[PDB]
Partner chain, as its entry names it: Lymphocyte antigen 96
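Below sits a lone chain in structure tokens, taken as the form deposited without the partner chain.
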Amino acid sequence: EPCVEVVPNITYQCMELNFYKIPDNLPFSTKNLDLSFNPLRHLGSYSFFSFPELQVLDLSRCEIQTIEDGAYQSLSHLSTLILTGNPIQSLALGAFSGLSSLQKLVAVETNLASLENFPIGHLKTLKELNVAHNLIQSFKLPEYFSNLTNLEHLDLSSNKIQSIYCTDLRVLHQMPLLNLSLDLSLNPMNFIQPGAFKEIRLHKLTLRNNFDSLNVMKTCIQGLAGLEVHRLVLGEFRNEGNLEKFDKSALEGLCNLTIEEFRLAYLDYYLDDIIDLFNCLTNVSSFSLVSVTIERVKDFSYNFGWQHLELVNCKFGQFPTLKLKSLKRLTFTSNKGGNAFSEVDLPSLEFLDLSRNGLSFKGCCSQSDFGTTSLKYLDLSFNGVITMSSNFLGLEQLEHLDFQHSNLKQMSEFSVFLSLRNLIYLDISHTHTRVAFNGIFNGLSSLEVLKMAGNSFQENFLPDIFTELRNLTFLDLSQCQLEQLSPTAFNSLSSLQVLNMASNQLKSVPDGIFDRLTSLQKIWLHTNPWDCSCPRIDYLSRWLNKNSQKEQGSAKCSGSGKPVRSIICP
């Protein structure tokens, strides 16, 4: 069969097969058909009579110039239609006749010059329309949109809109039941007429790479006046040379909008102000700063009423002091600069993600660090040296804890989680941890996920350090340089479904070491130099054999490389 078969009687990827005609040899039950990159040229009446069940139809880049009325006539169960990259020069009035289910239409780069003559007014079930990268130069919304009641996403990015006039959204105004996300990214925009957005509300507005000047952006923002939006996103990724100044007053126009959530993604711009720059955002529930440089200023510590604060991929010069009474979720991630955590006062913080910053933590972890007792989630992975001093005092409600790839100090010779009786997920992988003290994990009676890959053990021996972890479901001991296991090590792990022991130096295991893993569903034992010289291997070869469905990858013996599951000992 020329057509690649992905899922029988369901999916087919007839990609680039020089099809001049729709393949008739295919089944009738096919729900997903990809005909992308085939010279179809013209889609005639009932082009798809042979596909009753079709739900997804990809006609990407099939040099289609004409689509006749009823080309998709019988496609009553089609939901997504991809036309992307077809040089359409003739669309009949009824080219989309029969598409009584269509929820998504992608018509990127279809030489579309305007929405006015686009014959889609009758597709009531349409939820998504993507017309990015066409020649559309008008923001005027066609009168048929009034029939497009379920439309939730309009993609107008990469077109030719330079001006938005007061008269452009009259039809949208008469639709006070619509929930529309609009993206106008990459339109050459210079003017938005004041008042055009009064009494308008959108779920989301994206404006990225739209303005040639931080004086033209301002003019366009003043024409946004009256707009009530759930999520405003302002992006600019085109800065080349030095870091560019983001004028402190460039945002004072945002006071005359209603925004619930705000993101500013201004690549290599730098802020020399905070308080007045972000004044018009004081009451936003979700604030977001991405890719910006914040050196001169270092204190968001005001009374901003933000509940969610996201600071990602920025340059800081120093870890900023934050003091916010209403912040519940903080995301401080993938930033560079000032490699040192500094105490914050964030009462009512429930979620704290501080991963991937290279930060050092000289004392950790307690309430006096964070200003909260409500912490449920704490992620300190991919940072520098974390020195433990406090056993999570004021933070006993923790349910998720992640330290992976951070250098942890004063943890292994202690019982630092003794108070964490609600902890469900703990990851200490690659934390320079060297196990000795059998008490390392005491107190973790409700723990289910324990990741400790890439560490090591005193004498490469795994002692009975999982005794009180009766709720354990997932355990990763991969890459731990293990040479010997304790025979009673997994005795309590009655609920363990996943055991990963791959990439160790295990030659053998104690007989009956899995006897009590009655819940075990998946096991990794590969990349270990197993020794298949009977009776030594008998227990393991026997166990892997009858439990073969459970084994992930392939355990093999040193030398022969024969699968350990394949060995039969006398």
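Numbering follows the first chain given and starts at 1. Rigid core (definition): largest C-alpha set, two forms, superposition within 1.5 Å.
The same protein has a further form, the form solved in complex with the partner chain, not shown here; the description that follows concerns it.
If you check in the bound PDB entry, is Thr80 within 4.5 Å of the partner chain, heavy atoms only?
-> Contact with the partner chain, no.
Even though the partner chain is not shown here, does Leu186 get within 4.5 Å of it in the bound PDB entry, heavy atoms only?
-> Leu186: yes, in contact with the partner chain in the bound PDB entry.
4.5 Å heavy atom contact, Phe461 to the partner chain in the bound PDB entry | No, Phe461 is distant from the partner.
Using the partner position in the bound PDB entry, report whether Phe37 sits within 4.5 Å of the partner chain, counting heavy atoms only.
-> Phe37 belongs to the contact set for the partner chain.
Please name which of the stretches 95-103, 161-169, 430-438, 217-225 has residues with heavy atoms lying within 4.5 Å of the partner chain in the bound PDB entry.
-> Stretch with heavy atoms near the partner: 430-438.
Ok, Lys451, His122, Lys248, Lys204: which has a heavy atom sitting within 4.5 Å of the partner chain in the bound PDB entry?
-> Selected option: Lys204.
Among the candidates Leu178, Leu112, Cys280, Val233, the residue which, in the bound PDB entry, approaches the partner chain to within 4.5 Å (heavy atoms) | Exactly one residue meets the criterion: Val233.
Counting only heavy atoms, which residues in 329-365 are within 4.5 Å of the partner chain in the bound PDB entry?
-> Read in sequence order, no residue approaches the partner chain (within 4.5 Å, in the bound PDB entry).
Fix the rigid core, compare C-alpha positions between this form and the one not shown, and report which of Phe441, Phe96, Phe332, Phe304 shifts by 2 Å or more.
-> The answer here is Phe441.
For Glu459, state whether the C-alpha moves by 2 Å or more between this form and the one not shown after rigid core superposition.
-> Yes, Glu459 moves 2 Å or more.
If you line up the core, does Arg201 shift 2 angstroms or more at its C-alpha between this form and the one not shown?
-> The answer is no, as the C-alpha of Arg201 shifts between this form and the one not shown by less than 2 Å after core alignment.
Is it true that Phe361 shifts between this form and the one not shown by 2 Å or more at the Cα, once the core is aligned?
-> No, shifts by less than 2 Å.
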